[PDB]
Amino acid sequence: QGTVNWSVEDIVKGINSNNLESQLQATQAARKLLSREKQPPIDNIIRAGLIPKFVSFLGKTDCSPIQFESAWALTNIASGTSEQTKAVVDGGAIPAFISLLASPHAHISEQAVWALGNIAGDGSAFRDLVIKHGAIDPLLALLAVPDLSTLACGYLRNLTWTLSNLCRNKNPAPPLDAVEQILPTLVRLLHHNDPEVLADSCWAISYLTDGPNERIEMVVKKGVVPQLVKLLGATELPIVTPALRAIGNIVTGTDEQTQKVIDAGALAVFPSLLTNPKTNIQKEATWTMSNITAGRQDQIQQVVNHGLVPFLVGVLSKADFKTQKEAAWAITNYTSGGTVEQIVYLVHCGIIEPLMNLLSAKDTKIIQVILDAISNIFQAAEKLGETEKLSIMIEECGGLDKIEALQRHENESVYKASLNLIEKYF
């Protein structure tokens, strides 16, 4: 009750008192205002000029409680808008928080970890500034224990979260040397048994692999792919989501990087992913498949072997539209790179009817994508002299009706592709 619901005016009076206990009491009152459920008065606290005082309190080794209260207050200011986070940084908080990482008081060290994560979480500039002030070494030192399970759960979760923010964002991506410095600790966190730590570790990995092939390679070379595939089969959606995100990112890389995903057994999980009740998981999984079918013929063959073509037919037939689009891309990629035999297999699995039904879409690019796939499939039928059987299959399911109509479509490319298909096969 003593420090509950103070006015900002009263907080200022206590902080300007030069009585350390009065200052502590007022800092706690500020912390409570900034910790309330609704609409913390962050701007009012900033406008009152309190940040420089809070920052000074961080350095009071002799009074650990005011260190904690001010770290908490500053954490919450930094949790706000970019302008609010900037106010904290502008007050000199970064080095002050880094100094607290070494505190003998675990709850203070943890609060500093948290504050630094909010700062880094603002964007690449503040992320990189936190790194330049030397945060990585002391952060990693806190996790340098024989067994992570000895750490307090909350403490470990906060450390993992802050590390993930240091891996986050691009333009630019985090410094290469910082990434190399963090990765081994991250790989270790990825093997921990706490669902929250696992989720954030997967998120960190997903950020690191969201980039050019060189960034992907740094992660893949650490040998984490098999563990990612294991997490891909997790029961918890908060783990599956970032695990799948990372796996998808990895397969945007070279064909060799993709093979690592296949070799680790990722494809066996796709029957479940491609029918997952969460729309986003189906979409991400189908996008991922589309990048796998963009690979080598031996990689398309593994998609075939794992029985995934019927699942792609399923998604084309019925799924959220965004997912059906990724499915269309998966098919066009498949038909572009596949062998005649692989392409023929596509038709036998029933690809043609759901492809035709999607020509009723108002999305211009997926019509292009679908028309491309049909061209590709026809090309394969040519080599077999079976073009006629395909033309009929397409007309029987109403596909010819759709294509002919697409000659008076206002997009140039579909105009051409349409007439050309008619001209050649109908």
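Start at 1 with the first residue shown and count on from there.
Trainee: Per the entry, where is the mean C-alpha temperature factor higher: 133 to 141 or 288 to 296?
Mentor: Mean C-alpha B-factor is greater for 288 to 296.
Trainee: Averaging CA B factors per stretch from the PDB record, which one is higher: 351 to 359 or 273 to 281?
Mentor: It is 351 to 359.
Trainee: Which one of 67, 28, 39, 56 shows the top CA temperature factor in the record?
Mentor: When the deposited C-alpha B-factors of 67, 28, 39, 56 are compared, 39 is largest.
Trainee: Sorting the chain's CA B-factors, does residue 90 end up in the lowest, middle or highest third?
Mentor: Tercile = lowest for this residue's CA B-factor.
Trainee: Hey, what third does residue 22 fall into on Cα B-factor, ranked over its chain?
Mentor: It falls in the bottom third of the chain.
Trainee: What third of the chain, by the recorded C-alpha B-factor, contains residue 46?
Mentor: Its C-alpha B-factor belongs to the lowest third of this chain's values.
Trainee: Sort the modelled residues of this chain by their C-alpha B factor and say whether residue 337 lands in the lowest, middle or highest third.
Mentor: Tercile = highest for this residue's CA B-factor.
Trainee: Please place residue 150 in the lowest, middle or highest third of its chain by C-alpha B factor as given in the entry.
Mentor: Ranked within chain, residue 150 CA B lands in the highest tercile.
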